[PDB]
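Q: One structure, as structure tokens, below. Some questions next.
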Amino acid sequence: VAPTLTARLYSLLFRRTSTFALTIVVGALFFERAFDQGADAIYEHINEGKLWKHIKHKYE
Amino acid sequence: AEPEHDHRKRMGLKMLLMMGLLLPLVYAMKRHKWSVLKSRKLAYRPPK
Amino acid sequence: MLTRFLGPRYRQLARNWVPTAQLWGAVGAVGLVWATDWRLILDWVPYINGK
Amino acid sequence: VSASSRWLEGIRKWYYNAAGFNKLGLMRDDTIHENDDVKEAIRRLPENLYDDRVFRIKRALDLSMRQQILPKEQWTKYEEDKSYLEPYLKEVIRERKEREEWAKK
Amino acid sequence: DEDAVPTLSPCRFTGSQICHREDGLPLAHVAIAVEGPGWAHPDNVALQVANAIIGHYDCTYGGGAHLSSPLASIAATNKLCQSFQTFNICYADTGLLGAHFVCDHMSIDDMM
């Protein structure tokens, strides 16, 4: 399962510079988002100095 | 004096996280190509 | 005078590069879409609905 | 001859080891900076020396690349250091100066 | 019959380079190849057909520029070599598949 992983990854997606590119662009899409979630979620957890301020001052 | 204060530090976090991934990655790319020169062996075979 | 490129071989050549030219369009599509955060297109994609 | 010569000789042997080209298997004359006089002398070397000289330099560049050095055993011992290039260079300089004297008249 | 009769163990193909530099010789020899399947593999026929398409060349060949093989023709036209030959050396389970060529010192790149 492990060797065949990197292998299959090469087989189906890496040879043809086509797919190789098709994947990195498609892989950049999902990544950009998942990185911005975790990253912001991290920025929040170490803080909580703004935003939950909203639940207080407004709500109308 | 610095309204941007917080925004940059968020990017800064991303900048460290990103570079903490790109840096080793580029290193290994550069390591892989220099492979050929790092392990090259020489031999000198003059006549006689 | 593009008749010089009209024949059996040229026709075989075109078929051979079809999957490649198709895939290269797939790259350009997603490429623009992702780079401009195409509101119109991206809404259909699961997990990329950041609204 | 006595303590005196040995002292200068040992001061020289000390710098040599400190200069440290011997660690790369090099020889004094291999490190000589190439100028016109030097290029000509390199040119005049006989086949064997010229070949050895290139391999030495290649061994070194190769080391200086991976920033390694030779095992201690294979460093080039002072004494054992052949000034192969010297006689050639001296003659090349000696030739030039003759043209230069001639150019003054 | 009986005891002491071994079989042949497969040979690992490595994929590497061996350059013996010698500027005293006047033409360079170069031989590149990928790993071939070996004797029994039916794949050999197709491999042999592609090779035939690339073919060979030698400076005494009549017909240079008009040769079918693009390699040969470009080779002949731009005088990129003195000779070349494709090959498919078969061994049990492995082989060498490639080409060999002979050329001037300033043509090795182009030929490659």
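Numbering of chain D is taken from Swiss-Prot, so the residues present carry the numbers 7-111, in order.
The backbone N, Cα and C atoms fix where each Cβ goes, and this holds for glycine too.
Below, the features straight out of Swiss-Prot:
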MOD_RES   D:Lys19  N6-acetyllysine
MOD_RES   D:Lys78  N6-succinyllysine
MOD_RES   D:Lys78  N6-acetyllysine
MOD_RES   D:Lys83  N6-acetyllysine
MOD_RES   D:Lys88  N6-acetyllysine
MOD_RES   D:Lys88  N6-succinyllysine
MOD_RES   D:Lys96  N6-acetyllysine
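Can you tell me where each of these features sits in this structure?
A: Secondary structure at D:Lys19 (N6-acetyllysine), taken from DSSP and collapsed to helix, strand or coil, is helix. Take the CB of D:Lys19 (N6-acetyllysine) and look out to 10 A: across all protein chains shown you find 14 other CB atoms.
Using a 10 Å radius centred on the Cβ of D:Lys78 (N6-succinyllysine) and all shown protein chains, the other Cβ atoms total 7.
DSSP assigns D:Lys78 (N6-succinyllysine) to a helical segment in the three-state reduction.
Contacts of D:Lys83 (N6-acetyllysine) defined by a Cβ separation under 8 A and a same-chain sequence distance of 6+ are given as D:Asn28, in order along the sequence. Taken residue by residue with DSSP, D:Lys83 (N6-acetyllysine) is part of neither helix nor strand, so it is coil.
The Cβ of D:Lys88 (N6-acetyllysine) lies under 8 Å from the Cβ of D:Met33, D:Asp35, each of these being in the same chain and 6 or more residues away along the sequence.
Taken residue by residue with DSSP, D:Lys96 (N6-acetyllysine) is part of a helix. Note: D:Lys96 (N6-acetyllysine) has no non-local neighbours, i.e. no same-chain residues 6+ apart with C-beta under 8 A of its own C-beta.
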Q: Could you round the CA separation between D:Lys78 (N6-succinyllysine) and D:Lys19 (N6-acetyllysine) to a whole angstrom and send it over?
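A: Distance between the two Cα atoms comes out at 16 Å.
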